[PDB]
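Chains as they are written, first to last, in our numbering: chain A, 1 to 214; chain B, 1001 to 1219.
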């Protein structure tokens, strides 16, 4: 029941860079602190135990150290394979406590999204609903802005967005934006536009379709 | 390599109970202590309990102290986690781990078991998103699949029974009201579709729902 304070909560680092994660305990733990990495598939895997002893098979580029209160994990040279969330753990006192964790995002070159729009399926329509979907794929940075426009006017109500966690293979993100209306509202407008604004471009990426004519 | 499969999870009415399991394999179960770690939705890992191999030492987090009971069946290579007086705060993904947190292989399906503390199951409605417009990528065309209106999570989604794994993005479920919507996009070559039949396979275990939806031309 010792509180572990971890920093930074998150960071973006270019591959090859040095990363230092730090953990502080609310009371003495005499080096009984581990650093585990939770891989993207949920897998938890200890890297260091006893504050600075590497587990076997753990790459030599990881190392722990203690500086008074400070417990430090250092990754000299980030590898793509080190894409994960890192947490520190104190196993000194009977109620084990983890650090807040650190969400590591791998810094990368700009990437413009590949925008695609999808009109409501016939199945949904028969159901009385109309969901227009737009997929903004493989971009970077994660910051992106999506606007929905029915005919001319920009619709704000009924949009449900969802981002993708950084792709562990190409360091890009994807987004999915959905505007949901009833079949009666859908059936009485024409063009449905999904325009995205991203750092990679000055003008909005626009995709649309006019319904009408089955 | 050591494999460890969590498998209790599901919807539970608050105040309700649940008993999770973790099938350890790949090592001498009997010689190791084990842990139960959990992770809330927008929160980080949290240690839950610990049990020595002799079941002689048992630690529980202050949080679950008194409602959860850890146990294991040595000749059966299994760890258990009896949950009780389930609070919404217990809603999280549960993972079991060897005492030394040795990175373990999981199940073909994934890692951990989710258990939601809440209200009512609802089957999703799977809808095929074809182009017409469905704005390709280039000489590559993208197709989608929308799973909407379901509860609770998870829903398993694959393309062509898993054969189609490259180019697919499955965006995480988003709860609106008290139902979830999830979508998946898959990018194939302009040459693949509509020639090669692409199907969206969705499974919502929590309601015995399993649907396969073939994406066909139009929009």
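Here a beta-carbon is modelled for each residue, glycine too, at the ideal position from N, C-alpha and C.
query: Close Cβ partners of residue 1158 (chain B) (< 6 Å) along its chain, the five nearest in sequence each way excluded; result: 1201
query: Proximal residues of chain C, C-beta to C-beta of residue 1111 (chain B) below 7 Å; result: Here the protein chains are A and B, and chain C is not one of them.
query: Chain B contacts from the segment 73 to 97 of chain A (Cβ-Cβ distance under 8 Å); result: 85, 87, 89, 94, 95, 96, 97
query: 6 Å Cβ shell around residue 1221 (chain B) - same chain, five flanking residues per side excluded; result: Outside the shown range of chain B (1001 to 1219) lies residue 1221 (chain B), about which nothing can therefore be said.
query: Below-7 Å beta-carbon distance, residue 1134 (chain B) vs any chain A residue; result: yes
query: Below-7 Å beta-carbon distance, residue 201 (chain A) vs any chain B residue; result: no
query: Interface flag, residue 147 (chain A) vs chain B, CB-CB below 7 Å; result: no
query: 8 Å Cβ cut-off: residues of chain A touching residue 1124 (chain B); result: Chain A residues near residue 1124 (chain B): none, gap ~12 Å exceeds 8 Å.
query: Buried or exposed by the 16-neighbour rule on C-beta atoms within 10 Å, applied to residue 1108 (chain B); result: exposed
query: Bridge partners - residue 1147 (chain B), DSSP secondary structure assignment; result: B:1126, B:1182
query: Residue 1256 (chain B), buried or exposed, once every other Cβ within 10 Å from all chains shown has been counted against 16; result: This structure gives no information on residue 1256 (chain B), because the portion of chain B shown stretches from 1001 to 1219.
query: Cβ-heavy atom distance, residue 1094 (chain B) to the ligand GDP, below 6 Å; result: This structure does not include the ligand GDP; it has no bound ligands of any sort.
query: When B:1012, B:1136, B:1169, B:1055 are compared against residue 208 (chain A), the one with the closest alpha-carbon; result: B:1136
query: Residue 143 (chain A) burial status per 10 Å Cβ neighbour count (16 or more: buried); result: exposed
query: Counted within 10 angstroms of its Cβ, other Cβ atoms place residue 1112 (chain B) as buried (16 or more) or exposed; result: buried
query: Identified DSSP bridge partners for residue 1096 (chain B); result: B:1036
query: 7 Å Cβ cutoff met for residue 1171 (chain B) and residue 162 (chain A); result: yes
query: Per-residue DSSP class, three states only, for residue 1019 (chain B); result: strand
query: Within-7 Å CB hit, residue 206 (chain A) to chain B; result: no
query: Proximity test, Cβ basis, 7 Å: residue 1193 (chain B) and chain A; result: no
query: Cβ-Cβ separation, residue 1188 (chain B) to residue 1167 (chain B) (assumed contact under 8 Å), whole Å; result: 7 Å
query: At least three beta-carbon pairs within less than 8 Å, the segment 1012 to 1029 of chain B to the segment 1073 to 1089 of chain B; result: yes
query: Interfacial residues, the segment 1169 to 1182 of chain B to chain A, with Cβ spacing under 7 Å; result: 1169, 1171, 1172, 1174, 1176, 1181
query: Residue-chain proximity (residue 1129 (chain B), chain A), Cβ-Cβ < 7 Å; result: yes
query: Close beta carbons around residue 35 (chain A), own chain, < 7 Å, minus the five adjacent residues each side; result: 47, 48, 64, 73, 86, 88
query: Same chain only: Cβ atoms within 7 Å of residue 45 (chain A), ignoring 5 sequence neighbours per side; result: 36, 37, 39
query: For residue 3 (chain A), the nearest candidate out of A:96, A:12, A:82 (CA to CA); result: A:96
query: Residues of the segment 1145 to 1160 of chain B with Cβ closer than 8 Å to any Cβ of chain A, in chain order; result: 1146, 1148
query: Cβ-based contacts, 7 Å cut-off: residues of the segment 1017 to 1047 of chain B near chain A; result: 1037, 1044, 1045, 1046, 1047
query: Given 8 Å, three or more beta-carbon pairs between the segment 1041 to 1057 of chain B and the segment 191 to 205 of chain A; result: no
query: Residue interval of the alpha helix (DSSP H) (run including residue 184 (chain A)); result: 183 to 186
query: CB contact check: residue 1090 (chain B) to chain A, cutoff 7 Å; result: no
query: Residue burial classification, residue 182 (chain A) (beta-carbon count within 10 angstroms, cutoff 16); result: exposed
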